[PDB]
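K.L.:
File start27.cif follows (mmCIF, C-alpha atoms):
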data_upload
#
loop_
_atom_site.group_PDB
_atom_site.id
_atom_site.type_symbol
_atom_site.label_atom_id
_atom_site.label_comp_id
_atom_site.auth_asym_id
_atom_site.auth_seq_id
_atom_site.Cartn_x
_atom_site.Cartn_y
_atom_site.Cartn_z
ATOM 1 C CA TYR A 1 0.000 0.000 0.000
ATOM 2 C CA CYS A 2 0.857 3.689 -0.258
ATOM 3 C CA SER A 3 1.651 5.041 3.186
ATOM 4 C CA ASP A 4 0.649 8.590 2.172
ATOM 5 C CA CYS A 5 -2.835 7.841 0.819
ATOM 6 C CA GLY A 6 -3.573 4.114 1.329
ATOM 7 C CA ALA A 7 -3.870 3.250 -2.374
ATOM 8 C CA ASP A 8 -3.122 -0.315 -3.468
ATOM 9 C CA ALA A 9 0.503 -0.882 -4.510
ATOM 10 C CA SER A 10 -0.643 -1.921 -8.037
ATOM 11 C CA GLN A 11 -1.427 1.767 -8.694
ATOM 12 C CA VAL A 12 2.267 2.763 -8.696
ATOM 13 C CA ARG A 13 3.971 3.611 -12.000
ATOM 14 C CA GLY A 14 6.946 5.644 -13.138
ATOM 15 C CA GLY A 15 8.349 5.896 -9.610
ATOM 16 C CA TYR A 16 5.260 7.529 -8.087
ATOM 17 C CA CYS A 17 1.916 6.608 -6.619
ATOM 18 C CA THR A 18 -0.510 7.530 -9.439
ATOM 19 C CA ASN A 19 -3.082 8.763 -6.931
ATOM 20 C CA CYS A 20 -1.299 11.257 -4.662
ATOM 21 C CA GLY A 21 2.093 11.596 -6.340
ATOM 22 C CA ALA A 22 4.098 10.138 -3.473
ATOM 23 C CA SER A 23 7.620 8.980 -4.322
ATOM 24 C CA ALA A 24 7.981 5.176 -4.768
ATOM 25 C CA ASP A 25 9.768 5.116 -1.401
ATOM 26 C CA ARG A 26 6.432 5.669 0.334
ATOM 27 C CA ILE A 27 5.013 2.276 -0.703
ATOM 28 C CA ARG A 28 5.026 -0.451 1.931
#
What would you get if you wrote out this structure as structure tokens?

P.N.:
Amino acid sequence: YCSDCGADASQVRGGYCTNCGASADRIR
């Protein structure tokens, strides 16, 4: 998941969460 917004990890692309823009580093 994204720690900044809670979105499912499958919504990450290009080094960012595609929902809130968090850096990849924020995924857990």

K.L.:
Find the spatial neighbours of segment 9-15 of chain A, counting only C-alpha atoms, within a cut-off of 6 Å - ignore same-chain residues fewer than 3 positions away - and output them as a ChimeraX atom specification.

P.N.:
/A:1,18,24

K.L.:
Selection from above, C-alpha atoms, as a PDB file, keeping the file's coordinate frame, can you write it?

P.N.:
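Once written, again20.pdb looks like this:
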ATOM      1  CA  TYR A   1       0.000   0.000   0.000  1.00  0.00           C
ATOM      2  CA  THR A  18      -0.510   7.530  -9.439  1.00  0.00           C
ATOM      3  CA  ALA A  24       7.981   5.176  -4.768  1.00  0.00           C
TER       4      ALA A  24
END

K.L.:
Identify all residues satisfying the PyMOL selection byres ((chain A and resi 26) around 9) in the given file; provide them as number ranges by chain.

P.N.:
A: 1-4, 16-17, 22-25, 27-28

K.L.:
What are the centre and the three edge lengths of an axis-aligned box that wraps all atoms of segment 6-23 of chain A in the file, given that 8 Å is added to every side, written as lines of an AutoDock Vina configuration file and rounded to one decimal in Å?

P.N.:
center_x = 2.2
center_y = 4.8
center_z = -5.9
size_x = 28.2
size_y = 29.5
size_z = 30.5

K.L.:
Kindly add N, CA and C atoms to the incomplete chain A and provide the output as a PDB file, in the coordinates of the input.

P.N.:
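Resulting contents of out.pdb:
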ATOM      1  N   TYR A   1       0.807  -1.212   0.000  1.00  0.00           N
ATOM      2  CA  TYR A   1       0.000   0.000   0.000  1.00  0.00           C
ATOM      3  C   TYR A   1       0.847   1.271   0.000  1.00  0.00           C
ATOM      4  N   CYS A   2       0.228   2.385  -0.404  1.00  0.00           N
ATOM      5  CA  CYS A   2       0.857   3.689  -0.258  1.00  0.00           C
ATOM      6  C   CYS A   2       0.648   4.217   1.156  1.00  0.00           C
ATOM      7  N   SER A   3       1.750   4.565   1.819  1.00  0.00           N
ATOM      8  CA  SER A   3       1.651   5.041   3.186  1.00  0.00           C
ATOM      9  C   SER A   3       1.093   6.453   3.254  1.00  0.00           C
ATOM     10  N   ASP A   4       1.128   7.208   2.146  1.00  0.00           N
ATOM     11  CA  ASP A   4       0.649   8.590   2.172  1.00  0.00           C
ATOM     12  C   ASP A   4      -0.853   8.673   1.963  1.00  0.00           C
ATOM     13  N   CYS A   5      -1.416   7.786   1.150  1.00  0.00           N
ATOM     14  CA  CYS A   5      -2.835   7.841   0.819  1.00  0.00           C
ATOM     15  C   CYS A   5      -3.585   6.520   0.967  1.00  0.00           C
ATOM     16  N   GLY A   6      -2.901   5.386   1.146  1.00  0.00           N
ATOM     17  CA  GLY A   6      -3.573   4.114   1.329  1.00  0.00           C
ATOM     18  C   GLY A   6      -3.906   3.361   0.056  1.00  0.00           C
ATOM     19  N   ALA A   7      -3.549   3.900  -1.109  1.00  0.00           N
ATOM     20  CA  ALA A   7      -3.870   3.250  -2.374  1.00  0.00           C
ATOM     21  C   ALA A   7      -3.112   1.929  -2.510  1.00  0.00           C
ATOM     22  N   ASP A   8      -3.734   0.981  -3.204  1.00  0.00           N
ATOM     23  CA  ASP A   8      -3.122  -0.315  -3.468  1.00  0.00           C
ATOM     24  C   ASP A   8      -1.838  -0.194  -4.275  1.00  0.00           C
ATOM     25  N   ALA A   9      -0.794  -0.889  -3.835  1.00  0.00           N
ATOM     26  CA  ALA A   9       0.503  -0.882  -4.510  1.00  0.00           C
ATOM     27  C   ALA A   9       0.487  -1.080  -6.045  1.00  0.00           C
ATOM     28  N   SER A  10      -0.541  -1.725  -6.585  1.00  0.00           N
ATOM     29  CA  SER A  10      -0.643  -1.921  -8.037  1.00  0.00           C
ATOM     30  C   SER A  10      -0.933  -0.627  -8.815  1.00  0.00           C
ATOM     31  N   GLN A  11      -1.202   0.459  -8.093  1.00  0.00           N
ATOM     32  CA  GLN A  11      -1.427   1.767  -8.694  1.00  0.00           C
ATOM     33  C   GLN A  11      -0.161   2.625  -8.728  1.00  0.00           C
ATOM     34  N   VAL A  12       1.015   2.021  -8.628  1.00  0.00           N
ATOM     35  CA  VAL A  12       2.267   2.763  -8.696  1.00  0.00           C
ATOM     36  C   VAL A  12       2.863   2.556 -10.072  1.00  0.00           C
ATOM     37  N   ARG A  13       3.349   3.644 -10.681  1.00  0.00           N
ATOM     38  CA  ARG A  13       3.971   3.611 -12.000  1.00  0.00           C
ATOM     39  C   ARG A  13       4.932   4.786 -12.139  1.00  0.00           C
ATOM     40  N   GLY A  14       6.020   4.565 -12.866  1.00  0.00           N
ATOM     41  CA  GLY A  14       6.946   5.644 -13.138  1.00  0.00           C
ATOM     42  C   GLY A  14       7.666   6.189 -11.929  1.00  0.00           C
ATOM     43  N   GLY A  15       7.680   5.455 -10.818  1.00  0.00           N
ATOM     44  CA  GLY A  15       8.349   5.896  -9.610  1.00  0.00           C
ATOM     45  C   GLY A  15       7.490   6.695  -8.657  1.00  0.00           C
ATOM     46  N   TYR A  16       6.185   6.741  -8.883  1.00  0.00           N
ATOM     47  CA  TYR A  16       5.260   7.529  -8.087  1.00  0.00           C
ATOM     48  C   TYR A  16       3.974   6.745  -7.892  1.00  0.00           C
ATOM     49  N   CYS A  17       3.315   6.985  -6.761  1.00  0.00           N
ATOM     50  CA  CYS A  17       1.916   6.608  -6.619  1.00  0.00           C
ATOM     51  C   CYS A  17       1.071   7.462  -7.566  1.00  0.00           C
ATOM     52  N   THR A  18       0.292   6.816  -8.444  1.00  0.00           N
ATOM     53  CA  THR A  18      -0.510   7.530  -9.439  1.00  0.00           C
ATOM     54  C   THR A  18      -1.731   8.207  -8.840  1.00  0.00           C
ATOM     55  N   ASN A  19      -1.968   8.060  -7.542  1.00  0.00           N
ATOM     56  CA  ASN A  19      -3.082   8.763  -6.931  1.00  0.00           C
ATOM     57  C   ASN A  19      -2.645  10.100  -6.335  1.00  0.00           C
ATOM     58  N   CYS A  20      -1.679  10.076  -5.417  1.00  0.00           N
ATOM     59  CA  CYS A  20      -1.299  11.257  -4.662  1.00  0.00           C
ATOM     60  C   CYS A  20       0.072  11.800  -5.040  1.00  0.00           C
ATOM     61  N   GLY A  21       0.808  11.114  -5.907  1.00  0.00           N
ATOM     62  CA  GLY A  21       2.093  11.596  -6.340  1.00  0.00           C
ATOM     63  C   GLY A  21       3.244  11.246  -5.424  1.00  0.00           C
ATOM     64  N   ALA A  22       3.005  10.498  -4.363  1.00  0.00           N
ATOM     65  CA  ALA A  22       4.098  10.138  -3.473  1.00  0.00           C
ATOM     66  C   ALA A  22       5.214   9.443  -4.251  1.00  0.00           C
ATOM     67  N   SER A  23       6.450   9.716  -3.851  1.00  0.00           N
ATOM     68  CA  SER A  23       7.620   8.980  -4.322  1.00  0.00           C
ATOM     69  C   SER A  23       7.476   7.490  -4.019  1.00  0.00           C
ATOM     70  N   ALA A  24       8.046   6.650  -4.890  1.00  0.00           N
ATOM     71  CA  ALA A  24       7.981   5.176  -4.768  1.00  0.00           C
ATOM     72  C   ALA A  24       8.330   4.690  -3.350  1.00  0.00           C
ATOM     73  N   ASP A  25       9.262   5.406  -2.732  1.00  0.00           N
ATOM     74  CA  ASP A  25       9.768   5.116  -1.401  1.00  0.00           C
ATOM     75  C   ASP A  25       8.646   5.014  -0.369  1.00  0.00           C
ATOM     76  N   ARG A  26       7.513   5.650  -0.647  1.00  0.00           N
ATOM     77  CA  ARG A  26       6.432   5.669   0.334  1.00  0.00           C
ATOM     78  C   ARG A  26       5.586   4.401   0.310  1.00  0.00           C
ATOM     79  N   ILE A  27       5.789   3.508  -0.653  1.00  0.00           N
ATOM     80  CA  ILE A  27       5.013   2.276  -0.703  1.00  0.00           C
ATOM     81  C   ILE A  27       5.564   1.294   0.317  1.00  0.00           C
ATOM     82  N   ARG A  28       4.664   0.545   0.935  1.00  0.00           N
ATOM     83  CA  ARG A  28       5.026  -0.451   1.931  1.00  0.00           C
ATOM     84  C   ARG A  28       4.274  -1.743   1.623  1.00  0.00           C
TER      85      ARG A  28
END
